[PDB]
Amino acid sequence: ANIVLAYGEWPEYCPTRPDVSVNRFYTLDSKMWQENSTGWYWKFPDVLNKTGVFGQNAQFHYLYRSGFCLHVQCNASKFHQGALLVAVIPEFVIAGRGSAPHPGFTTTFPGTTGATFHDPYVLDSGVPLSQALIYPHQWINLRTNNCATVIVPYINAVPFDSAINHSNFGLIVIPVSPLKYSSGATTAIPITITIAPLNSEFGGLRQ
Amino acid sequence: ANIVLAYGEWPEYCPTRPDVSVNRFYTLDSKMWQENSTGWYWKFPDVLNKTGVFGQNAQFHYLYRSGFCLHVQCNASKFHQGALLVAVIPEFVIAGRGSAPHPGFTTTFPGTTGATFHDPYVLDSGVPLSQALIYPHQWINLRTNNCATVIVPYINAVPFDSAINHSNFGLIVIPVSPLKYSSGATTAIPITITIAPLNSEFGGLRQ
Amino acid sequence: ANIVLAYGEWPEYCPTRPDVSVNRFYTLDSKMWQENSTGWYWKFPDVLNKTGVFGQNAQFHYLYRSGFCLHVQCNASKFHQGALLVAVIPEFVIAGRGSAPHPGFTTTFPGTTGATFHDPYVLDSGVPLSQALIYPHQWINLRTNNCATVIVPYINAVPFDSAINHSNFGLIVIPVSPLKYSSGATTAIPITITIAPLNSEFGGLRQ
Amino acid sequence: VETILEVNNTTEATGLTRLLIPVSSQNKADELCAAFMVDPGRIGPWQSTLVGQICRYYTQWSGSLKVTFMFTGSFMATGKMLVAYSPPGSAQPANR
Amino acid sequence: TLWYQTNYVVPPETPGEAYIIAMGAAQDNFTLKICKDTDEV
Amino acid sequence: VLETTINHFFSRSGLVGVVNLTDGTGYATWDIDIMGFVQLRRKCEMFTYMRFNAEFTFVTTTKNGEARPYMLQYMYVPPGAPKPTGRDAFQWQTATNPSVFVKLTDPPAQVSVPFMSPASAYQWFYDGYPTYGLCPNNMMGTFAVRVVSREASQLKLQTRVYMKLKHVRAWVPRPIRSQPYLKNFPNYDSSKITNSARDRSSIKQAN
Amino acid sequence: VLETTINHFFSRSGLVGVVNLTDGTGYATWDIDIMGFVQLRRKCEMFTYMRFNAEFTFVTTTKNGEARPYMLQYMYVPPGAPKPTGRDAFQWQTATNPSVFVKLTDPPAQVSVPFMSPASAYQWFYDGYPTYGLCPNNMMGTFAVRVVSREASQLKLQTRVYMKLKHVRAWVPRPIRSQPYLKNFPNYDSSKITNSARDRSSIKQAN
């Protein structure tokens, strides 16, 4: 089950709409949730910017517009305890932390590897994490469920925008409940993310 | 006009059939027909193997099958005289000339630049050029016409075959009548080739 | 569930057909699957040759013909891991292993106790165990299921044959995945076999 | 009919252990567990299965093959595995 | 190829080493041409 | 759809025996068996029950090769009938043993032995006692050769038998053997065990 | 209207090889090829794709000519199957290699090899890499000859193979060769080039 429709809206059609293998499932590298882990985030256009057909289209097309089918799964045992909040944050602007630093491309656009949260409490944006449930979210409880499905449509003030210099939304997973285990258990459990870009459109075929 | 249907057959459908920009017109570099010129040949799968979308498909798909719309144009003035035979040669096996040499990749698969004929009389294959009109051919006479259109379907004993290690057919242009001109005229006139791959199919999406 | 019909055939009727208590469920002694275990086999006519009514009928009747309902159950915990292949092998001829020895009755007809496999890889018959899935088989995975039901009809070139000097088929269970467990767990887990001889016929009532 | 491949046909392996692909907890993500070619006629893992033995009695074959993986681990132990098929002519992938 | 996607997580008091068996077959598309004698003998 | 059938899988004549006459012993017998040669033994043992008619061709030759028109007698002795003991023994003249009289220079003799087992099918895996487990149900007869002459010549001969199966049905397929054969019994070598697959470098290398 | 058809154009038996036995090597092989002789090579190379059944006749003779009734074995080895290495090697007795046993005095042996290429047609002009451009798609098998005998005779032999094509279809005609042949590759001589027409006195003389 665990089906969630972000804002009750479906990715949709209005360009070139390939929809042959650009809509296939891309599975990012698993993240090892540890006991001292602080969480990770992924800026989605940046995530798929080098993954085969989608990467080729996104890098060599000026404009782009598509939804996304998201599946976050955490493979844990019944002897592991912890909680994980999976929220999608439209225009997740990662901020600096100078008491004026200007982050860096490794943080703002972290790629398919993703980047960790330095201060998960403030979401690295100055906003408290408690209120982050306003976004389309999903709880992952190791005691109840493992799969977290979010279907996010195209959220932008303009019908199309570049997939290389702008991040449509960010996907964050945060261990609100620290991972706890006994002796001899797997000290780091994996979190798997699969991406299905429904209704993809591309335009402006640059070299 | 100048329309010719090779063997009275049209490129056709039976894989992934993109047919969005893979069927666009690719125009190769113009060849400078000179007075001492001997002719050129192009192995077609090899020709488009690095031309954008077709190149990407052909290099990264195991199997391939398509026809071709061919347009050979020679831009000459009314003060220039000469003739040009434009024939498509299925399985144009370029041979060696050792009185046992084994040509080389620069000759067998010359690329989008093409390669010249060392002995146009024997077609570099031991067969006399006079009988080369058995193939689907077109005369280009600088006094009569400039455009030479040939539509060649898929000619193979198997429905699909690799586009990187096998050449479906070769396109040859040969100055049977040497180019002649007076003083002050353009000493080398161009020959332009445009390629339209009708009904393209690809399969086996290798990395 | 786990229902399997061997060759899509049911034990059937064509003699004396008792079918009162000869068709009851006989349960053989449980086998203790250990970590160094190699597997066991049972020649079925020999198995029931001394089990009450079936034993009396089989030993004192010249001819015999019947099917069998088989239920192999392995009682393991959720902390135990391993796999077990349960196949029925028509005319399972146990072979010798002389680099010409002639086995012995303890091996060829092992009785209700069964006999172990000396070389499970070659099935003690020179045939590799990998291909043993051609026979009507059933996987027992300690992580998925415990019961393995096979219904084997009468497989013979003749409608009747003696139940004392000929073995209609052999039932083999083999730990393809070695049993693994942690400290303090049951070091040897049991495997239980129940036999239901459907549609039994007997003839030639010898003393 | 499904039949076991001998994917662990490497050296220093005994009889029954040659049919088992060993997966362990002390192995990082994005790592290779096992790799084997698909063609059954040529020697290798398919030399043990039945379709790779019957096809050695012929010269040519053409069709779709089915590969099945079955996991023998504790019911309390879970995980994830990526099973990728590389089309012919492409070298073995170096990364997940 | 078989890829370790995430990990092999294991609860305490449980072996940290499992096995996978690979089994193959054919489909309704399989055909064979021209018999020959094997070399396994 | 024709080369994979059992009839086509088994229908091909092939050498099943070698027979040497001397005519100083004078004669030479050859008991009909399929498991004389490894190549055909490995094929019939893939099944359990087979039912076929065998066609035998005798390509007899002299030591050098040249064929004087000597007269030959191929006598078929069905099971139960005593086999000839000498060149001039009375079993040669028995009218119930079918005989074939051909010359050396004549084309090879060809005969058709039908399915004549006491049971309804052959079987080379017999599980029980009549390794042992040898079934007299499949003997198929015998073949005896001599030169007919009122005086014993000095000719030296070498006979080759080619057997072909037709109208062949099979039941209950079983694994093909992998261990080397050790002539009736599936004995193998306990120590020398040949793994069904050749060893490679590591499990992570595809080649 | 009948002598110009492709079937009639190609249907005529003709010498395609010469084979010499010695029986001191003892045997002699001959790989099936059409381009062994120039006359028939020049005919099949006129087309691109051909599909036919070949009939092979073996007119074997002794050195002088006289024919003692020696027995012969013509073994057909299809592609993929290993070829015999010796007179007494085990590939002679392989049942899957079709064999023909005839005497020297018998009429010539005649067999029919069907169209059995992996592709849908043959082709002797392959443009690409598997001059090079050799296609394994057309091997057609092999023929091996030996004298069958328990002892190696001293006969010296010379075999002649006559091949006839029927049910032959052709596609994509191409020019007949004019340059002399140099056995698989269309190599010619760069310097020695033979003009397709004989030189005359002047262009104004009709004769």
# chains A, B, ... in the order shown; residues from 1 in each chain; ligands from 1
call {"tool": "interface_residues", "arguments": {"of": "chain D", "to": "chain A", "cutoff": "8 Å", "atoms": "only C-alpha atoms", "output": "ChimeraX atom specification"}}
result
/D:25,29-30,76-80
call {"tool": "write_last_selection", "arguments": {"atoms": "N, CA and C atoms", "output": "short mmCIF file (atom, residue, chain, number, x, y, z; two decimals), in the first residue's frame"}}
result
data_model
loop_
_atom_site.label_atom_id
_atom_site.label_comp_id
_atom_site.auth_asym_id
_atom_site.auth_seq_id
_atom_site.Cartn_x
_atom_site.Cartn_y
_atom_site.Cartn_z
N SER D 25 27.26 -10.73 5.30
CA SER D 25 26.97 -9.42 5.86
C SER D 25 28.17 -8.48 5.78
N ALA D 29 27.97 -2.25 0.01
CA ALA D 29 27.02 -2.03 -1.06
C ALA D 29 27.76 -1.70 -2.35
N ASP D 30 27.01 -1.71 -3.46
CA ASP D 30 27.55 -1.39 -4.78
C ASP D 30 28.69 -2.33 -5.14
N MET D 76 14.53 -14.19 9.42
CA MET D 76 14.72 -12.91 10.09
C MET D 76 15.76 -12.02 9.41
N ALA D 77 16.47 -12.53 8.41
CA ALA D 77 17.50 -11.77 7.71
C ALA D 77 16.98 -11.36 6.35
N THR D 78 17.11 -10.07 6.04
CA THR D 78 16.64 -9.52 4.77
C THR D 78 17.77 -8.76 4.10
N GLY D 79 17.47 -8.19 2.94
CA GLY D 79 18.46 -7.47 2.18
C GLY D 79 17.91 -7.13 0.81
N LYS D 80 18.80 -6.64 -0.05
CA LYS D 80 18.44 -6.30 -1.42
C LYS D 80 19.54 -6.77 -2.35
#
call {"tool": "select_by_dssp", "arguments": {"residues": "range 107-159 of chain A", "states": "strand (DSSP E)", "output": "PyMOL selection string"}}
result
chain A and resi 115-116+137-141+147-152
call {"tool": "interface_residues", "arguments": {"of": "chain E", "to": "chain F", "cutoff": "8 Å", "atoms": "only C-alpha atoms", "output": "list in words"}}
result
residues 31, 32, 33, 34, 35, 37, 38, 40 and 41 of chain E
call {"tool": "write_last_selection", "arguments": {"atoms": "C-alpha atoms", "output": "PDB file, in the first residue's frame"}}
result
ATOM      1  CA  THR E  31      14.570 -24.115 -30.768  1.00  0.00           C
ATOM      2  CA  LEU E  32      17.580 -26.286 -31.574  1.00  0.00           C
ATOM      3  CA  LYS E  33      19.084 -27.057 -34.987  1.00  0.00           C
ATOM      4  CA  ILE E  34      21.527 -29.669 -36.327  1.00  0.00           C
ATOM      5  CA  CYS E  35      22.482 -32.466 -33.941  1.00  0.00           C
ATOM      6  CA  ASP E  37      28.101 -35.502 -30.711  1.00  0.00           C
ATOM      7  CA  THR E  38      29.153 -34.139 -27.331  1.00  0.00           C
ATOM      8  CA  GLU E  40      31.847 -34.620 -22.244  1.00  0.00           C
ATOM      9  CA  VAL E  41      32.560 -38.332 -22.789  1.00  0.00           C
TER      10      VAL E  41
END
call {"tool": "atom_distance", "arguments": {"atom1": "CA of residue 166 in chain B", "atom2": "CA of residue 127 in chain G"}}
result
5.8 Å
call {"tool": "closest_atom_pairs", "arguments": {"of": "chain B", "to": "chain A", "cutoff": "12 Å", "atoms": "only C-alpha atoms", "output": "JSON lines"}}
result
{"residue": "B:15", "atom": "CA", "partner": "A:20", "partner_atom": "CA", "distance": 11.2}
{"residue": "B:16", "atom": "CA", "partner": "A:20", "partner_atom": "CA", "distance": 8.3}
{"residue": "B:17", "atom": "CA", "partner": "A:20", "partner_atom": "CA", "distance": 9.9}
{"residue": "B:18", "atom": "CA", "partner": "A:18", "partner_atom": "CA", "distance": 8.4}
{"residue": "B:19", "atom": "CA", "partner": "A:18", "partner_atom": "CA", "distance": 10.7}
{"residue": "B:20", "atom": "CA", "partner": "A:16", "partner_atom": "CA", "distance": 8.3}
{"residue": "B:21", "atom": "CA", "partner": "A:16", "partner_atom": "CA", "distance": 9.8}
{"residue": "B:51", "atom": "CA", "partner": "A:207", "partner_atom": "CA", "distance": 11.2}
{"residue": "B:52", "atom": "CA", "partner": "A:207", "partner_atom": "CA", "distance": 8.5}
{"residue": "B:53", "atom": "CA", "partner": "A:56", "partner_atom": "CA", "distance": 10.5}
{"residue": "B:56", "atom": "CA", "partner": "A:56", "partner_atom": "CA", "distance": 10.1}
{"residue": "B:57", "atom": "CA", "partner": "A:53", "partner_atom": "CA", "distance": 10.8}
{"residue": "B:60", "atom": "CA", "partner": "A:52", "partner_atom": "CA", "distance": 10.9}
{"residue": "B:205", "atom": "CA", "partner": "A:21", "partner_atom": "CA", "distance": 10.2}
{"residue": "B:206", "atom": "CA", "partner": "A:52", "partner_atom": "CA", "distance": 10.9}
{"residue": "B:207", "atom": "CA", "partner": "A:52", "partner_atom": "CA", "distance": 8.5}
call {"tool": "interface_residues", "arguments": {"of": "chain C", "to": "chain F", "cutoff": "6 Å", "atoms": "only C-alpha atoms", "output": "PDB file with N, CA, C and O atoms, in the first residue's frame"}}
result
ATOM      1  N   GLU C  91      12.988 -45.593 -10.214  1.00  0.00           N
ATOM      2  CA  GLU C  91      14.115 -46.518 -10.318  1.00  0.00           C
ATOM      3  C   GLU C  91      15.430 -45.841  -9.950  1.00  0.00           C
ATOM      4  O   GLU C  91      16.350 -45.708 -10.755  1.00  0.00           O
ATOM      5  N   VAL C  93      18.585 -46.232  -8.860  1.00  0.00           N
ATOM      6  CA  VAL C  93      19.555 -47.319  -8.740  1.00  0.00           C
ATOM      7  C   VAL C  93      20.787 -46.764  -8.031  1.00  0.00           C
ATOM      8  O   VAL C  93      21.575 -46.025  -8.618  1.00  0.00           O
ATOM      9  N   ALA C  95      24.408 -46.810  -6.894  1.00  0.00           N
ATOM     10  CA  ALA C  95      25.563 -47.390  -7.554  1.00  0.00           C
ATOM     11  C   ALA C  95      26.715 -47.552  -6.571  1.00  0.00           C
ATOM     12  O   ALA C  95      26.725 -46.980  -5.478  1.00  0.00           O
ATOM     13  N   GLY C  96      27.698 -48.349  -6.978  1.00  0.00           N
ATOM     14  CA  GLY C  96      28.904 -48.509  -6.201  1.00  0.00           C
ATOM     15  C   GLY C  96      29.900 -47.399  -6.456  1.00  0.00           C
ATOM     16  O   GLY C  96      29.702 -46.542  -7.310  1.00  0.00           O
ATOM     17  N   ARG C  97      30.986 -47.417  -5.691  1.00  0.00           N
ATOM     18  CA  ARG C  97      32.020 -46.395  -5.786  1.00  0.00           C
ATOM     19  C   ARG C  97      33.418 -47.004  -5.788  1.00  0.00           C
ATOM     20  O   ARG C  97      34.315 -46.533  -5.086  1.00  0.00           O
ATOM     21  N   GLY C  98      33.611 -48.058  -6.580  1.00  0.00           N
ATOM     22  CA  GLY C  98      34.927 -48.661  -6.716  1.00  0.00           C
ATOM     23  C   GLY C  98      35.675 -48.066  -7.893  1.00  0.00           C
ATOM     24  O   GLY C  98      35.164 -48.028  -9.016  1.00  0.00           O
ATOM     25  N   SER C  99      36.894 -47.604  -7.635  1.00  0.00           N
ATOM     26  CA  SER C  99      37.706 -46.951  -8.656  1.00  0.00           C
ATOM     27  C   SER C  99      38.147 -47.927  -9.744  1.00  0.00           C
ATOM     28  O   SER C  99      38.353 -49.112  -9.484  1.00  0.00           O
ATOM     29  N   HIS C 102      29.877 -54.172  -5.056  1.00  0.00           N
ATOM     30  CA  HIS C 102      28.458 -54.373  -5.359  1.00  0.00           C
ATOM     31  C   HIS C 102      27.590 -53.963  -4.173  1.00  0.00           C
ATOM     32  O   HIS C 102      26.861 -54.782  -3.614  1.00  0.00           O
ATOM     33  N   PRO C 103      27.588 -52.662  -3.822  1.00  0.00           N
ATOM     34  CA  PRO C 103      26.958 -52.175  -2.585  1.00  0.00           C
ATOM     35  C   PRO C 103      26.597 -53.203  -1.521  1.00  0.00           C
ATOM     36  O   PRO C 103      27.436 -53.998  -1.086  1.00  0.00           O
ATOM     37  N   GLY C 126      26.482 -41.364 -10.073  1.00  0.00           N
ATOM     38  CA  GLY C 126      27.266 -40.835 -11.166  1.00  0.00           C
ATOM     39  C   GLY C 126      26.627 -39.694 -11.916  1.00  0.00           C
ATOM     40  O   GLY C 126      27.271 -39.118 -12.797  1.00  0.00           O
ATOM     41  N   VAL C 127      25.392 -39.339 -11.592  1.00  0.00           N
ATOM     42  CA  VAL C 127      24.675 -38.247 -12.243  1.00  0.00           C
ATOM     43  C   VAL C 127      24.803 -37.009 -11.365  1.00  0.00           C
ATOM     44  O   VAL C 127      24.666 -37.115 -10.141  1.00  0.00           O
ATOM     45  N   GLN C 131      21.200 -31.411 -12.033  1.00  0.00           N
ATOM     46  CA  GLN C 131      20.144 -31.774 -12.967  1.00  0.00           C
ATOM     47  C   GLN C 131      19.031 -32.595 -12.333  1.00  0.00           C
ATOM     48  O   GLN C 131      18.098 -32.987 -13.040  1.00  0.00           O
ATOM     49  N   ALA C 157       6.845 -50.127 -16.015  1.00  0.00           N
ATOM     50  CA  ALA C 157       6.606 -50.675 -17.343  1.00  0.00           C
ATOM     51  C   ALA C 157       5.607 -51.822 -17.331  1.00  0.00           C
ATOM     52  O   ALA C 157       5.117 -52.205 -18.398  1.00  0.00           O
ATOM     53  N   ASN C 165      11.165 -57.230  -3.833  1.00  0.00           N
ATOM     54  CA  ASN C 165      12.418 -57.341  -4.563  1.00  0.00           C
ATOM     55  C   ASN C 165      12.643 -56.208  -5.551  1.00  0.00           C
ATOM     56  O   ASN C 165      13.680 -56.189  -6.217  1.00  0.00           O
ATOM     57  N   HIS C 166      11.706 -55.273  -5.670  1.00  0.00           N
ATOM     58  CA  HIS C 166      11.831 -54.162  -6.601  1.00  0.00           C
ATOM     59  C   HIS C 166      11.381 -52.876  -5.928  1.00  0.00           C
ATOM     60  O   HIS C 166      10.393 -52.866  -5.190  1.00  0.00           O
ATOM     61  N   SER C 167      12.107 -51.794  -6.193  1.00  0.00           N
ATOM     62  CA  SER C 167      11.812 -50.480  -5.634  1.00  0.00           C
ATOM     63  C   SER C 167      11.233 -49.596  -6.728  1.00  0.00           C
ATOM     64  O   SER C 167      11.925 -49.267  -7.696  1.00  0.00           O
TER      65      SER C 167
END
call {"tool": "closest_residue", "arguments": {"among": "A:11, A:197, A:175, A:203", "to": "residue 26 in chain A", "atoms": "only C-alpha atoms"}}
result
A:197
call {"tool": "residues_around", "arguments": {"residues": "residue 81 in chain F", "least_positions_apart": "4", "cutoff": "9 Å", "atoms": "only C-alpha atoms", "output": "PyMOL selection string"}}
result
chain F and resi 77+97+141
call {"tool": "closest_atom_pairs", "arguments": {"of": "chain F", "to": "chain G", "cutoff": "12 Å", "atoms": "only C-alpha atoms", "output": "CSV"}}
result
residue,atom,partner,partner_atom,distance
F:8,CA,G:96,CA,11.4
F:9,CA,G:96,CA,10.0
F:10,CA,G:96,CA,9.9
F:11,CA,G:96,CA,9.7
F:12,CA,G:95,CA,6.4
F:13,CA,G:95,CA,6.1
F:14,CA,G:95,CA,4.3
F:15,CA,G:93,CA,6.1
F:16,CA,G:93,CA,9.3
F:17,CA,G:93,CA,10.5
F:18,CA,G:150,CA,10.1
F:19,CA,G:150,CA,10.4
F:20,CA,G:150,CA,8.9
F:21,CA,G:150,CA,11.1
F:37,CA,G:93,CA,10.1
F:38,CA,G:94,CA,10.7
F:39,CA,G:94,CA,8.0
F:40,CA,G:95,CA,8.5
F:43,CA,G:95,CA,11.6
F:57,CA,G:101,CA,10.9
F:58,CA,G:101,CA,10.8
F:59,CA,G:101,CA,8.0
F:60,CA,G:149,CA,8.9
F:61,CA,G:149,CA,6.2
F:62,CA,G:149,CA,6.6
F:63,CA,G:151,CA,5.1
F:64,CA,G:153,CA,4.9
F:65,CA,G:149,CA,5.3
F:66,CA,G:70,CA,4.8
F:67,CA,G:69,CA,5.6
F:68,CA,G:69,CA,7.9
F:69,CA,G:69,CA,9.7
F:104,CA,G:69,CA,9.4
F:105,CA,G:69,CA,7.0
F:106,CA,G:103,CA,9.5
F:107,CA,G:102,CA,8.1
F:108,CA,G:101,CA,8.8
F:156,CA,G:150,CA,9.6
F:157,CA,G:150,CA,8.1
F:158,CA,G:150,CA,6.3
F:159,CA,G:150,CA,9.1
F:160,CA,G:148,CA,9.7
F:161,CA,G:93,CA,11.0
F:162,CA,G:95,CA,9.1
F:163,CA,G:95,CA,9.6
F:164,CA,G:95,CA,9.7
call {"tool": "residues_around", "arguments": {"residues": "residue 7 in chain D", "least_positions_apart": "3", "cutoff": "9 Å", "atoms": "only C-alpha atoms", "output": "NGL selection string"}}
result
(:D and (4 or 10 or 18-21 or 34-36 or 44-46)) or (:E and (21-22)) or (:F and (197 or 203))
call {"tool": "closest_atom_pairs", "arguments": {"of": "chain D", "to": "chain E", "cutoff": "8 Å", "atoms": "only C-alpha atoms", "output": "Markdown table"}}
result
| residue | atom | partner | partner_atom | distance |
| --- | --- | --- | --- | --- |
| D:1 | CA | E:25 | CA | 5.4 |
| D:2 | CA | E:25 | CA | 4.6 |
| D:3 | CA | E:23 | CA | 4.9 |
| D:4 | CA | E:23 | CA | 4.0 |
| D:5 | CA | E:23 | CA | 5.2 |
| D:6 | CA | E:22 | CA | 7.6 |
| D:7 | CA | E:22 | CA | 7.2 |
| D:19 | CA | E:21 | CA | 6.3 |
| D:20 | CA | E:21 | CA | 5.1 |
| D:21 | CA | E:20 | CA | 4.8 |
| D:22 | CA | E:19 | CA | 4.6 |
| D:23 | CA | E:18 | CA | 5.2 |
| D:24 | CA | E:17 | CA | 4.2 |
| D:25 | CA | E:8 | CA | 4.6 |
| D:26 | CA | E:16 | CA | 7.7 |
| D:27 | CA | E:7 | CA | 7.0 |
| D:28 | CA | E:7 | CA | 6.5 |
| D:29 | CA | E:6 | CA | 4.9 |
| D:30 | CA | E:4 | CA | 5.4 |
| D:31 | CA | E:4 | CA | 5.1 |
| D:32 | CA | E:3 | CA | 4.7 |
| D:33 | CA | E:2 | CA | 5.2 |
| D:34 | CA | E:2 | CA | 5.2 |
| D:35 | CA | E:1 | CA | 4.3 |
| D:36 | CA | E:1 | CA | 6.6 |
| D:49 | CA | E:24 | CA | 7.1 |
| D:50 | CA | E:25 | CA | 7.9 |
| D:51 | CA | E:25 | CA | 6.2 |
| D:55 | CA | E:32 | CA | 7.3 |
| D:56 | CA | E:38 | CA | 5.9 |
| D:57 | CA | E:36 | CA | 5.1 |
| D:58 | CA | E:35 | CA | 4.0 |
| D:59 | CA | E:34 | CA | 5.5 |
| D:60 | CA | E:33 | CA | 5.1 |
| D:61 | CA | E:32 | CA | 4.4 |
| D:62 | CA | E:30 | CA | 5.6 |
| D:63 | CA | E:30 | CA | 4.0 |
| D:64 | CA | E:27 | CA | 5.8 |
| D:65 | CA | E:26 | CA | 4.6 |
| D:66 | CA | E:25 | CA | 5.2 |
| D:67 | CA | E:24 | CA | 4.4 |
| D:68 | CA | E:23 | CA | 5.1 |
| D:69 | CA | E:22 | CA | 4.7 |
| D:70 | CA | E:21 | CA | 5.5 |
| D:71 | CA | E:20 | CA | 4.7 |
| D:72 | CA | E:19 | CA | 5.5 |
| D:73 | CA | E:18 | CA | 5.1 |
| D:74 | CA | E:14 | CA | 7.5 |
| D:76 | CA | E:11 | CA | 6.7 |
| D:77 | CA | E:10 | CA | 4.8 |
| D:78 | CA | E:9 | CA | 5.9 |
| D:79 | CA | E:8 | CA | 4.9 |
| D:80 | CA | E:5 | CA | 5.5 |
| D:81 | CA | E:5 | CA | 5.0 |
| D:82 | CA | E:3 | CA | 4.9 |
| D:83 | CA | E:2 | CA | 4.9 |
| D:84 | CA | E:1 | CA | 5.4 |
| D:85 | CA | E:1 | CA | 6.6 |
| D:86 | CA | E:1 | CA | 7.9 |
| D:96 | CA | E:3 | CA | 6.5 |
call {"tool": "residues_around", "arguments": {"residues": "residue 3 in chain B", "least_positions_apart": "2", "cutoff": "12 Å", "atoms": "only C-alpha atoms", "output": "PyMOL selection string"}}
result
chain B and resi 1+5-6+8+69-72+136-139+147-152
call {"tool": "write_last_selection", "arguments": {"atoms": "N, CA and C atoms", "output": "compact mmCIF listing (two decimals), in the first residue's frame"}}
result
# COMPACT_ATOMS: atom_id res chain seq x y z
N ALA B 1 12.62 15.64 -59.64
CA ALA B 1 12.23 14.26 -59.93
C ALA B 1 13.31 13.29 -59.47
N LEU B 5 13.71 3.86 -56.79
CA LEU B 5 13.41 2.91 -55.73
C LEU B 5 14.28 1.68 -55.94
N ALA B 6 15.22 1.46 -55.03
CA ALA B 6 16.14 0.34 -55.17
C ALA B 6 15.38 -0.98 -55.09
N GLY B 8 12.73 -1.78 -56.35
CA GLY B 8 11.30 -1.58 -56.21
C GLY B 8 10.84 -1.91 -54.80
N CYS B 69 17.03 6.96 -47.25
CA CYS B 69 16.74 7.87 -48.35
C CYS B 69 18.03 8.64 -48.64
N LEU B 70 18.52 8.52 -49.86
CA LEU B 70 19.81 9.07 -50.23
C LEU B 70 19.65 10.19 -51.24
N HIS B 71 20.41 11.26 -51.05
CA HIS B 71 20.37 12.41 -51.96
C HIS B 71 21.80 12.84 -52.21
N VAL B 72 22.30 12.59 -53.41
CA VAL B 72 23.64 13.02 -53.80
C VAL B 72 23.47 14.18 -54.77
N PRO B 136 21.40 -0.65 -58.09
CA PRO B 136 20.60 0.58 -58.16
C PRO B 136 21.50 1.80 -58.29
N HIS B 137 21.43 2.47 -59.43
CA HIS B 137 22.38 3.51 -59.78
C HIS B 137 21.66 4.77 -60.24
N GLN B 138 22.44 5.83 -60.42
CA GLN B 138 21.94 7.10 -60.93
C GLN B 138 23.08 7.86 -61.59
N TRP B 139 22.84 8.33 -62.80
CA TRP B 139 23.79 9.19 -63.47
C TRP B 139 23.59 10.63 -63.04
N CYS B 147 20.76 16.50 -58.82
CA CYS B 147 20.30 15.68 -57.72
C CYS B 147 20.15 14.22 -58.14
N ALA B 148 20.57 13.32 -57.25
CA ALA B 148 20.50 11.88 -57.49
C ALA B 148 19.92 11.23 -56.23
N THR B 149 18.65 10.85 -56.31
CA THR B 149 17.93 10.29 -55.17
C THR B 149 17.81 8.78 -55.33
N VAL B 150 18.26 8.04 -54.32
CA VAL B 150 18.11 6.60 -54.26
C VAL B 150 17.52 6.23 -52.91
N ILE B 151 16.45 5.45 -52.92
CA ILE B 151 15.81 4.95 -51.70
C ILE B 151 16.10 3.46 -51.60
N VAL B 152 16.98 3.09 -50.68
CA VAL B 152 17.45 1.71 -50.55
C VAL B 152 16.80 1.09 -49.31
call {"tool": "select_by_dssp", "arguments": {"residues": "range 90-156 of chain B", "states": "alpha helix (DSSP H)", "output": "list in words"}}
result
residues 105, 106, 107 and 108 of chain B
call {"tool": "closest_residue", "arguments": {"among": "A:106, A:125, A:194, A:66", "to": "chain E", "atoms": "only C-alpha atoms"}}
result
A:194
call {"tool": "closest_residue", "arguments": {"among": "D:17, D:9, D:39, D:89", "to": "chain G", "atoms": "only C-alpha atoms"}}
result
D:89
